[PDB]
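Okay, so here's just one chain, in structure tokens, the form solved without the partner chain.
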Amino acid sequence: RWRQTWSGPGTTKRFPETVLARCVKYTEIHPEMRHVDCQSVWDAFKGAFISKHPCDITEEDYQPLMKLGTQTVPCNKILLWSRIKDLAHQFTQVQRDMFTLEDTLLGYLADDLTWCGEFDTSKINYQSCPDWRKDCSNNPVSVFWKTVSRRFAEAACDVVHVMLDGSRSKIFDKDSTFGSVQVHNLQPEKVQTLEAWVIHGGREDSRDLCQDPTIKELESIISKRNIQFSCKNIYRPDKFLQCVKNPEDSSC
């Protein structure tokens, strides 16, 4: 076929098999998630979007999945990120210094995957899925991520960290999931400080990007919520990762 329904990529090939194998892998590795039955997890995931108009998905559709994937994360060890997923994950890989959402069962199941169904049909749509901008925002992927990102922000306490891409037009973007959802769902009764790490993509020296207009916006939004704001430049992401792997000795 030469003309698809939606303007975005279709469900990832072997989506059922992949979600299930990820659930097996995760539950075998993480002892706290040993009680999880993976078929019922798959079934709840499936029940959220199958037979449903892929432009009419709600947070409620994902409630059975949220329940089965319930998980305690150390509240003071949360790492948020925005436009810098690779470094965030390489970082938390080193010695579980922290957790990203993709280190939870639910985030781990869905990471890098696309999925949608069809109204009045129980088929998975492997040909196309709604683009969140071109088509509609209430689609299975977008709704999933909004819901889990929010619950993950709500679980944080004490010092929360966020990695930001210092080479973006807007280092902090109000229209990102981080800026539109997570910053507004950090709980001021629990969260003492939001500390931003601004990751330089820029060669060598470079500016004090903690002074960037968008970082000041972030500071201002967070301060008006009664949460403290902290910022640090990461001038050389290569040296940072090395220092995390091997603290001191090296000129860290």
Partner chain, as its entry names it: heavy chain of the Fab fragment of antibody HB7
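Positions refer to the first chain, counted from 1.
One more form of this protein, solved in complex with the partner chain, exists but is not displayed; see below.
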The partner chain contact at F15 in the deposited complex, heavy atom, 4.5 Å: no
Would you please decide whether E219 lies within 4.5 angstroms of the partner chain in the deposited complex, comparing each non-hydrogen atom pair? yes
So, in the deposited complex, is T193 in contact with the partner chain at a 4.5 angstroms heavy atom limit? yes
Taking the shortest heavy atom distance, is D208 within 4.5 Å of the partner chain in the deposited complex? yes
Need the contact residues for 34-63: heavy atom within 4.5 Å of the partner chain in the deposited complex, sequence order, or none if there are none. none
